[PDB]
Engineer: 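To start, I am sharing the structure in question, which I have written as structure tokens.
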Amino acid sequence: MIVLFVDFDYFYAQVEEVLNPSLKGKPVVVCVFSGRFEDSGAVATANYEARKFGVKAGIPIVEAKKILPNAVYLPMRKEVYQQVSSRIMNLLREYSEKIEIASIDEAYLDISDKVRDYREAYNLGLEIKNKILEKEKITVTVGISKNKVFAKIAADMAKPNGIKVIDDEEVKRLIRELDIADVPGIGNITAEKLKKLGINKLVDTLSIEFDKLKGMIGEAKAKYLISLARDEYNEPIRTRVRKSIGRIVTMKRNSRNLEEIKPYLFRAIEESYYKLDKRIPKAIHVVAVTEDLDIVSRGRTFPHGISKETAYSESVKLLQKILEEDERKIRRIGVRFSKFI
DNA sequence: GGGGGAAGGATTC
DNA sequence: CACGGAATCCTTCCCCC
Ligand SMILES: [Ca+2]
Ligand SMILES: [Ca+2]
Ligand SMILES: [Ca+2]
């Protein structure tokens with residue numbers, strides 16, 4: 001099996017650059033303004049000009065502005081980026097019908113048929129890179145290997161605007177030398193749990209008693225890491241299906257007042273329903289981000305579809321359940337609809 | 001003992 | 001100071017054969 005992974009470079013910001021080319025070369029910072037106070041919020045993404053100075057996704061807009069006061073700061077326009085993304089995905093869809101659209105800027109291609117051996121794969125990558133740059137003016141990084149995980153890792157090592165192949169020889173080299181934190185799906189939480197078990201490299205997972213691994217990071221994650229170390233990971237390429245649609249907003253002030261939170265919750269509901277399409281959900285969850293950035297939620301699954309009236313009514317009950325069972329003041333509030341009919 | 005949901009939380013990107 | 005949005009996974013609880 002030959003997997004070719006495509007990852008769009010600093011996507012949101014690059015799109016802004018495409019829509020306003022005079023931005024090229026300047027530090028571009030795409031932000032999610034929360035509205036709590038001037039420049040409150042965080043960086044969704046930044047181009048490399050900004051990233052080389054420390055301005056990257058996750059940092060407060062206020063911090064970024066202290067580092068780069070003269071950079072271009074733009075509000076995130078999700079809808080625009082999503083339409084551009086869809087156009088790029090269709091284009092790849094013609095390089096294979098075996099495609100996995102992992103996110104707004106990542107897709108995996110099973111080019112096991114369209115090619116044989118890594119020479120042609122690499123050639124096909126450049127074809128894809130040049131095609132996308134040509135038709136959309138978007139640069140992307142291509143990663144190629146035997147499975148999804150190493151194809152992605154390949155891209156992680158080649159970005160930005162690169163292409164790379166990890167063949168059956170390097171895979172083994174990485175299995176013992178690749179820092180395990182750099183393995184997809186291994187975040188900071190898991191990375192630390194594995195460090196405490198003496199696991200710093202993928203191969204170390206084979207020196208531990210499985211039942212201990214399972215105990216520490218869960219069975220799924222355990223089998224995942226073990227399979228990769230045995231050089232046996234081989235999940236198939238297939239675009240998952242949207243299983244949930246939702247919206248969460250930040251209130252001006254943290255609150256615990258119902259009549260004060262509602263308008264936010266209802267706005268969340270209104271946007272969620274618009275996003276729903278003609279999809280009808282049978283489950284609804286109210287999600288609240290507490291004052292100490294803790295996430296709490298209460299939901300309910302109905303034996304039938306939820307109309308917007310029912311959603312408005314149930315959400316209030318769920319919200320009251322949250323306020324009732326959690327003392328902290330509330331900072332962000334939203335809803336999520338799932339179990340579509 | 002264990003299938004099958006549902007619920008609330010934990011994690012990742 | 002720290003936004004969002006969604007998928008997996010986990011663990012707990014529950015009904016019940
Ligand atoms: Ca990516
Ligand atoms: Ca990217
Ligand atoms: Ca990591």
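Residue numbering restarts at 1 for every chain, and letters A, B, ... go by the order of the sequence lines.
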Engineer: Can you tell me which nucleotide in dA2(C), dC10(C), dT11(B) comes closest to the side chain of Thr190(A)?
Structural biologist: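 The closest nucleotide is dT11(B).
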Engineer: Choosing from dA2(C), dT12(B), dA7(C), which nucleotide comes nearest the side chain of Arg240(A)?
Structural biologist: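 Output: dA7(C).
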Engineer: Determine: side-chain N/O of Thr250(A) to OP1/OP2 of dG4(C), distance under 4.0 Å, yes or no.
Structural biologist: yes
Engineer: Would you find a donor on one side and an acceptor on the other, under 3.5 Å apart, between the side chain of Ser313(A) and the backbone of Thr310(A)?
Structural biologist: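 Flag not set: sc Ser313(A) to bb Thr310(A) has no pair under 3.5 Å.
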Engineer: What is the nucleic acid contact for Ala44(A), judged by heavy atoms within less than 4.0 Å: base, sugar-phosphate only, or nothing?
Structural biologist: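 No contact at all - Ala44(A) keeps every heavy atom at 4.0 Å or more from the nucleic acid.
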Engineer: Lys243(A) has an atom NZ; how far is it from atom P of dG5(B), in whole Å?
Structural biologist: 13 Å
Engineer: DNA chain B: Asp294(A) or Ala283(A), which has the more 5' nearest nucleotide?
Structural biologist: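 It is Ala283(A), whose closest nucleotide lies nearer the 5' terminus.
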Engineer: May I ask you to evaluate whether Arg331(A) reaches the phosphate of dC3(C), defined as a side-chain N or O under 4.0 Å from OP1 or OP2?
Structural biologist: yes
Engineer: Base, sugar-phosphate alone, or nothing: which one does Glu219(A) contact when heavy atoms must sit under 4.0 Å apart?
Structural biologist: sugar-phosphate
Engineer: Strictly below 4.0 Å: does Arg300(A) bring a side-chain N or O up to OP1 or OP2 of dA7(B)?
Structural biologist: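 Checking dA7(B) against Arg300(A), no side-chain N or O comes under 4.0 Å of OP1 or OP2.
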Engineer: Do any N or O atoms from the side chain of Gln14(A) and from the backbone of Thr139(A) form a donor-acceptor pair under 3.5 angstrom?
Structural biologist: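 At least one qualifying donor-acceptor pair exists.
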Engineer: On DNA chain C, does the nearest nucleotide to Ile61(A) precede the nearest nucleotide to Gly215(A) from the 5' side, or the other way round? Give the residue.
Structural biologist: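 Residue closer to the 5' terminus by nearest nucleotide: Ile61(A).
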Engineer: Below 4.0 angstrom from OP1 or OP2 of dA6(C), is there any side-chain N or O of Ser103(A)?
Structural biologist: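 It does not, given that no N or O in the side chain of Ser103(A) lies less than 4.0 Å from OP1 or OP2 of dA6(C).
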Engineer: Looking at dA7(C), I'd like to know if its phosphate oxygens (OP1 or OP2) sit under 4.0 Å from a side-chain N or O belonging to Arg242(A).
Structural biologist: no
Engineer: Rounded to the nearest angstrom, tell me the gap between atom CZ in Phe302(A) and atom P in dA6(B).
Structural biologist: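 It is 13 Å, rounded to the nearest whole Å.
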Engineer: Look at the side chain of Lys146(A) and the backbone N and O of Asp168(A), then say whether any donor-acceptor pair between them is shorter than 3.5 Å.
Structural biologist: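 No, because the side chain of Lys146(A) does not come within donor-acceptor range (under 3.5 Å) of the backbone of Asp168(A).
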Engineer: Taking NZ, NE, NH1 and NH2 as the nitrogens, is one of them in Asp7(A) or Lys152(A) under 4.0 Å from a carboxylate oxygen of the other?
Structural biologist: no
Engineer: Examine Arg51(A) relative to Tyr48(A) and say whether NZ or CZ is less than 6.0 Å from the centre of the six-membered ring and inside a 45° cone about the ring axis.
Structural biologist: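 Ring-cation test returns yes.
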Engineer: Using a 4.0 Å heavy-atom cut-off across all strands, classify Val62(A) as base, sugar-phosphate, or nothing.
Structural biologist: nothing
Engineer: Taking only the side-chain heavy atoms of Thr301(A) (C-beta and beyond), determine which of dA6(B), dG4(C), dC13(B) contains the nearest atom.
Structural biologist: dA6(B)
Engineer: Do the side-chain N or O atoms of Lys321(A) get closer than 4.0 angstrom to the phosphate oxygens (OP1, OP2) of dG8(B)?
Structural biologist: yes
Engineer: If you find the nucleotide of DNA chain C closest to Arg336(A) and the one closest to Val43(A), which residue's nucleotide is nearer the 5' end?
Structural biologist: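 Final value for this comparison: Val43(A).
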Engineer: Any idea which of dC1(C), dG4(C), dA7(C) is nearest the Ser244(A) side chain?
Structural biologist: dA7(C)
Engineer: Classify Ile295(A) by what it touches in the nucleic acid, base, sugar-phosphate, or nothing, heavy-atom distance under 4.0 Å.
Structural biologist: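 Nothing, no heavy atom under 4.0 Å.
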Engineer: Say we look at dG4(C) and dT11(B): how far apart would their P atoms be, to the nearest angstrom?
Structural biologist: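 Their P atoms lie roughly 22 Å apart.
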Engineer: Give the minimum heavy-atom separation between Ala283(A) and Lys339(A), together with the two atoms involved.
Structural biologist: CB-CD, 3.7 Å
Engineer: Atom CZ of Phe33(A) and atom P of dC3(C): how far apart are they, to the nearest Å?
Structural biologist: 13 Å
Engineer: How close or far is atom P of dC3(C) from atom CZ of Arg247(A), stated in whole angstroms?
Structural biologist: 12 Å
Engineer: Among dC3(C), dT12(B), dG5(C), which nucleotide has an atom closest to any side-chain atom of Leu293(A)?
Structural biologist: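 Of the options given, the side chain of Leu293(A) lies nearest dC3(C).
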Engineer: Check whether any side-chain nitrogen or oxygen of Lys339(A) sits under 4.0 Å from OP1 or OP2 of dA6(B), and answer yes or no.
Structural biologist: yes
Engineer: Once you round it to whole Å, what is the distance between P of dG8(B) and CZ of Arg298(A)?
Structural biologist: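 Those two atoms, CZ and P, are 5 Å apart.
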Engineer: Between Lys275(A) and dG5(C), does any side-chain N or O lie under 4.0 Å from OP1 or OP2?
Structural biologist: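 Answer yes for this pair, as a side-chain N or O of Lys275(A) is under 4.0 Å from OP1 or OP2.
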Engineer: Taking the side chain of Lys193(A) as its heavy atoms from C-beta onward, which of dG4(C), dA7(C), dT11(B) lies nearest to it?
Structural biologist: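 The closest nucleotide is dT11(B).
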Engineer: Given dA7(C), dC3(C), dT12(B), identify the nucleotide with an atom nearest to the side chain of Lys221(A).
Structural biologist: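 Looking only at heavy atoms from C-beta outward on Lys221(A), the closest nucleotide is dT12(B).
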Engineer: Is the centre of the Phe337(A) ring less than 6.0 Å from the centre of the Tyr273(A) ring?
Structural biologist: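 Aromatic pair counts; centres sit under 6.0 Å.
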Engineer: Within this structure, what is the CD1-to-P distance between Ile248(A) and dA7(C), rounded to whole angstrom?
Structural biologist: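 Roughly 13 Å, once rounded to whole Å.
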Engineer: Between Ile284(A) (CD1) and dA6(B) (P), how many Å, whole number?
Structural biologist: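 Roughly 16 Å, once rounded to whole Å.
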Engineer: Return the value, rounded to whole Å, for the distance between atom NZ of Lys223(A) and atom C1' of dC9(C).
Structural biologist: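 Going from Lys223(A) (NZ) to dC9(C) (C1'), I get 14 Å.
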